[PDB]
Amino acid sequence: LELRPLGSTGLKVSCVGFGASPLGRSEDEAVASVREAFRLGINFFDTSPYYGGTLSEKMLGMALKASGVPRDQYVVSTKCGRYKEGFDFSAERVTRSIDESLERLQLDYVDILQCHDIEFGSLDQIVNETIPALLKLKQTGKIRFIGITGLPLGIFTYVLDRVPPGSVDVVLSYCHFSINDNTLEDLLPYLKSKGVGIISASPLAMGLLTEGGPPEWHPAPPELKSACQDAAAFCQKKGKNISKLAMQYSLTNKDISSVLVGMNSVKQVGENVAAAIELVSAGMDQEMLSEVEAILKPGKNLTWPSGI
């Protein structure tokens, strides 16, 4: 499984990343799925205190501890500022938050601590308070690199234009590098000019690019939902899994160091790693990709509101 350099961190992360949110919804299952992740070459695990109301961090912590893998051979990301009780990006809260996370994860440090969904905060507080607090955490050694995450791509230019250079190491984007929406491409030259690492997520656009369709809470507009429904049904009659195609598409730009995918079974781990390996050894079904992109054209790059 291909490892890609993550910005200027000197880390190398697997192009498929283990999104641990589903581990917050048993323990044997969480242990088995993380073990198989390591077996197949995955070395990157992302979580948040928000996921499962802190249960994801606890389950990942236990599964990593049962793995027997040396801690410096993998990379752990968690987040601060977004909780089941809501949002709090204050210096006091994120300083307490890393100690809460480290206890649940049974770790001595996280490689990356990211501000979670900053479009729900004041971006000026993120710049002037939150990120300077994480820089002090970096001096304690409890974290090694600093990230920001959220949906609207403009949060990343807003923050990165205004911090002292080098303050932010990594960016976590989601829903903007899949067949339906690849606008994260626009941001890559900006982020590379700064040496900032790039991680993406939701390669299936939170279930739009699946045969079963999006969940009932999905915020996409009807035009995008209609296009994706038509694409999935096109694949279903051709005997093709639109989700495998979408996952492979998500992996075709090596400037994105890793695409995180939410996983909670050995099967899902194997399926996603097998998509990645197939992409590298056989290439991608170009005819299928072309047809699906034509069908998705009415929904291309449509997004939805997020934050305040």
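One-based numbering along the sequence shown.
- Coordinates are lacking for 4 to 9 deposited residues between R25 and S26.
- Judged by mean Cα B factor in the deposited record, 211-219 ranks above the other of 211-219 and 103-111.
- Remark: stretch with higher mean C-alpha B factor among 273-281 and 252-260 is 273-281.
- Per the PDB record, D230 has a higher Cα B-factor than any other of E85, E92, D230, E129.
- You'll see in the entry that, of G61, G239, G41, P49, the Cα B factor peaks at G239.
- Ranked by C-alpha B-factor against the other modelled residues of its chain, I179 falls in the middle third.
- When the modelled residues of the chain are ordered by their C-alpha B factor, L191 lands in the lowest third.
- Annotation for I155: CA B-factor lies in the lowest third of the chain's modelled residues.
- In the PDB entry, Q125 places in the highest third of its chain by CA B-factor.
- Among the modelled residues of its chain, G10 has a C-alpha B-factor that falls in the middle third according to the deposited record.
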